[PDB]
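Top to bottom, those sequences are chains P, R, E and V. Okay, so the first sequence: first residue is 1695 according to the deposited numbering, each after it adds one. Okay, so the second sequence: first residue is 1211 according to the deposited numbering, each after it adds one. Those letters in the third sequence? Residues 1405 to 1474, 1482 to 1549, per the deposited numbering, in order. Those letters in the fourth sequence? Residues 1453 to 1474, 1482 to 1500, per the deposited numbering, in order. Quick reminder that beta carbons are idealized off the backbone N, C-alpha and C, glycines included.
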Amino acid sequence: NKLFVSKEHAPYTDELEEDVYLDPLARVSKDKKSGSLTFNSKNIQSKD
Amino acid sequence: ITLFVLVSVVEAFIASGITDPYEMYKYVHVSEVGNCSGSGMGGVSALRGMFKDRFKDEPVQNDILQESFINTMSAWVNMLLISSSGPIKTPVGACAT
Amino acid sequence: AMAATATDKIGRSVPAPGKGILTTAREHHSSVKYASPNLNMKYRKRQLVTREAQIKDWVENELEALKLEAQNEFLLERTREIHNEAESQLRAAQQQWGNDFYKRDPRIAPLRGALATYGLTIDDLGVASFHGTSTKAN
Amino acid sequence: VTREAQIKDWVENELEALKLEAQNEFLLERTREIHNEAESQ
């Protein structure tokens, strides 16, 4: 009985949210610790 | 009605093979996932609350009004599953919605 | 010049306003040392004039080929189509360099591109009409 | 197919013009744009 699983947090923290909004190439990635998709600060406005 | 929509959206993503919607953001920006679904009448039970249950002084939740909007179903879909900042265009087309 | 909508993010307050519309200004700055010619209108106009010459070359080939395929009814019906094709290529060129030159460019925000279409800059946006509702949060 | 040939002609002109406008940072930023223009055409 867990087909629906409610999300508790956005993929970005409140601190990174505007950065994510303003970077069209921002993409999430698997978080090593939590093993969940999230935005990473090193991947925002990066040359890569 | 919102529960019907929430189940339907989750199942539709399962039919797409997408079990975690955040996987979408590995391919697209958060401004590029839209929700264009709509309703003929929206949360008619919330409307009954406001127009009848309140008139009889029954206990009605204080934010009942927000739950009647045709676009509130899509608002909850985004607030619980998708977390996008894409377009949100909610049509109202009676039986051709 | 522009119109856009945007939702916010995971939350539990339906009436709370958010900052999703900020995406209208999204722009990649990781590399901005040198200017993009795409933002310069003199450069876009040069490409359009080049492409326009190529089209009228294309027109003359299809016209002469039709002449050999030939008569009045046949020519009028085919001629209308070739010139209609030529207008389509011109308008596609104008859409490429005049109207939509920035849609594929991550270094140009939609807001900036909307203004730059007509030669305006971000400093030319003089007035912001605010939803201004007189609520604290909004 | 005819139009596709014309585009790769356009690509080679803009590439060589950039070569003269030149260096690593300058070339990578300009090169990304010209190929992006070519995909658009």
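So what's P:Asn1737 in DSSP terms, helix, strand or just coil? The sequence position of residue 1737 of chain P within the first sequence is 43, counting from 1. When DSSP states are grouped into helix, strand and coil, P:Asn1737 belongs to the helix group.
I need the straight-line Cα distance from R:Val1217 to P:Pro1705, nearest angstrom please. The sequence position of residue 1217 of chain R within the second sequence is 7, counting from 1. The sequence position of residue 1705 of chain P within the first sequence is 11, counting from 1. Straight through space, the alpha carbons of P:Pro1705 and R:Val1217 are spaced by roughly 22 Å.
Are the segment 1244-1264 of chain R and the segment 1278-1288 of chain R touching by the rule of at least three beta carbon pairs closer than 8 Å? Segment contact: the segment 1244-1264 of chain R against the segment 1278-1288 of chain R, three or more CB-CB distances shorter than 8 Å; contact assigned.
Between R:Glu1233 and E:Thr1427, what straight-line distance do the alpha-carbon atoms span, to the nearest angstrom? Walking along the second sequence from the start, residue 1233 of chain R turns up at place 23. Walking along the third sequence from the start, residue 1427 of chain E turns up at place 23. For R:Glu1233 and E:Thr1427, the distance between alpha carbons rounds to 20 Å.
For R:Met1283, report the span of its alpha helix (DSSP H) as first-last. Stepping through the second sequence from its first residue, residue 1283 of chain R is reached at position 73. Boundaries of the alpha helix (DSSP H) harbouring R:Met1283: 1282-1287, taken from the DSSP string.
Does the distance from the C-beta atom of R:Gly1259 to that of R:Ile1274 stay below 8 Å? Working through the second sequence from its first residue, we reach residue 1259 of chain R at position 49. Working through the second sequence from its first residue, we reach residue 1274 of chain R at position 64. Yes, the Cβ-Cβ distance between R:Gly1259 and R:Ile1274 is below 8 Å.
What residues match up with E:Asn1483 in a beta bridge as DSSP calls it? Here residue 1483 of chain E refers to the residue found at position 72 of the third sequence. Beta-bridge pairing links E:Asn1483 to no other residue.
Taking the alpha-carbon positions, what's the R:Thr1212 to P:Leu1710 distance? Within the second sequence, the letter at position 2 stands for residue 1212 of chain R. Within the first sequence, the letter at position 16 stands for residue 1710 of chain P. Per the coordinates, the alpha-carbon of R:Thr1212 lies some 30 Å from the alpha-carbon of P:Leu1710.
So for P:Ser1723, helix, strand or coil by DSSP? Reading the first sequence from its first residue, position 29 is the one you call residue 1723 of chain P. Correct three-state label for P:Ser1723: strand.
Please go through the same chain and pick out, in chain order, the residues whose beta-carbon is closer than 6 Å to the beta-carbon of E:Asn1442, but skip the five residues on each side of it. Looking up residue 1442 of chain E in the third sequence gives position 38. Once the five neighbours on either side are set aside, the close Cβ partners of E:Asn1442 are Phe1512, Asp1516.
Near-chain P residues of the segment 1411-1431 of chain E (beta-carbon distance less than 8 Å), N- to C-terminal order: From the segment 1411-1431 of chain E, only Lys1413, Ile1414, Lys1423, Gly1424, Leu1426, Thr1427, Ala1429, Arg1430, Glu1431 have a Cβ closer than 8 Å to chain P.
Counting pairs of beta carbons, one from the segment 1434-1448 of chain E and one from the segment 1532-1543 of chain E, are three or more of them closer than 8 Å? Segments in contact, no.
Quick check on this structure: which residue in E:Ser1417, E:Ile1425, E:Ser1434 has the alpha carbon closest to the alpha carbon of R:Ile1298? Looking up residue 1298 of chain R in the second sequence gives position 88. The shortest C-alpha separation from R:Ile1298 is found at E:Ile1425.
Is P:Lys1726 close to chain R, meaning its C-beta is less than 8 Å from at least one C-beta of that chain? Here residue 1726 of chain P is taken as the residue at index 32 of the first sequence, counted from 1. Taking CB atoms only, P:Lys1726 has no neighbour in chain R less than 8 Å away.
Does DSSP put R:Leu1216 in a helix, a strand or coil? On the second sequence, position 6 is the one that residue 1216 of chain R refers to. R:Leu1216 sits in a helix when the DSSP states are folded into three classes.
Can you tell me which of the three DSSP states E:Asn1444 falls into? Within the third sequence, residue 1444 of chain E is the residue found at index 40, counting from 1. E:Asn1444 carries a coil assignment under DSSP once its states are collapsed to helix, strand and coil.
Going by beta carbon distance, what residues of the same chain come within less than 8 Å of residue 1477 of chain V, once the five residues before and after it are set aside? Since the model of chain V passes from 1474 to 1482 in one step, residue 1477 of chain V is not part of what is shown.
Counting only beta-carbon atoms, is P:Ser1740 nearer than 8 Å to chain E? Residue mapping note: residue 1740 of chain P aligns to position 46 of the first sequence, counting from 1. Yes, its Cβ sits closer than 8 Å to a Cβ of chain E.
Just the chain E side, please: which residues come within less than 8 Å of R:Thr1282 by C-beta, in chain order? Within the second sequence, the letter at position 72 stands for residue 1282 of chain R. Near R:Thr1282 (Cβ distances below 8 Å), the residues of chain E are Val1418.
Continuous beta strand (DSSP E) assignments of at least 3 residues falling wholly in the segment 1486-1525 of chain E: Fully enclosed beta strand (DSSP E) runs of 3 or longer: not present.
In the structure shown, what three-state DSSP assignment does E:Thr1428 receive? Working through the third sequence from its first residue, we reach residue 1428 of chain E at position 24. Note: E:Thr1428 maps to helix in three-state DSSP.
Rounded distance between the beta-carbons of R:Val1240 and R:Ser1294, thought under 8 Å: In the second sequence, residue 1294 of chain R corresponds to position 84, counting from 1. In the second sequence, residue 1240 of chain R corresponds to position 30, counting from 1. Between R:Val1240 and R:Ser1294 the Cβ distance is about 6 Å, and since that is below 8 Å, they are a contact.
For E:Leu1472, does the three-state DSSP call read helix, strand or coil? Position 68 of the third sequence, counted from the first residue, corresponds to residue 1472 of chain E. Residue state, collapsed to three classes: helix.
Which of helix, strand or coil does DSSP assign to E:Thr1546? Your numbering for residue 1546 of chain E matches position 135 in the third sequence. The three-state secondary structure of E:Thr1546, taken from DSSP, is coil.
Find the residues of chain P that neighbour E:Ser1435, judging by a C-beta separation of less than 9 Å, and give them in chain order. Counted from its first residue, the third sequence places residue 1435 of chain E at position 31. Result: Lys1741.
Under DSSP, the alpha helix (DSSP H) around R:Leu1291 begins and ends at which residues? Indexing the second sequence from 1 puts residue 1291 of chain R at position 81. Premise fails: R:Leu1291 is in no alpha helix (DSSP H) and is neither H nor E.
Would you say R:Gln1271 faces chain E, with C-beta separation under 8 Å as the test? As a first step, residue 1271 of chain R must be located in the second sequence, where it is residue number 61. False, the Cβ-Cβ gap to chain E never drops below 8 Å.
Suppose you measure from the CA of R:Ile1292 to the CA of P:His1703; what does that come to, to the nearest Å? Position 82 of the second sequence, counted from the first residue, corresponds to residue 1292 of chain R. Position 9 of the first sequence, counted from the first residue, corresponds to residue 1703 of chain P. So the two alpha carbons sit approximately 11 Å from each other.
Only counting the same chain, and skipping five residues up and downstream in sequence, which positions put a Cβ closer than 7 Å to that of E:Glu1466? The sequence position of residue 1466 of chain E within the third sequence is 62, counting from 1. Once the five neighbours on either side are set aside, the close Cβ partners of E:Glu1466 are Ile1493.
DSSP three-state assignment for E:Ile1459, whether helix, strand or coil: By one-based count along the third sequence, residue 1459 of chain E stands at place 55. In the structure shown, E:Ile1459 adopts helical secondary structure according to DSSP, grouped into three states.
Listed in chain order, which residues of the segment 1453-1471 of chain V have Cβ atoms closer than 7 Å to some Cβ of chain E? Flagged, chain order: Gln1458.
Counting beta carbon pairs with one atom in the segment 1259-1269 of chain R and one in the segment 1224-1233 of chain R, are three or more of them shorter than 8 Å? The segment 1259-1269 of chain R and the segment 1224-1233 of chain R do not touch, with fewer than three beta-carbon pairs separated by less than 8 Å.
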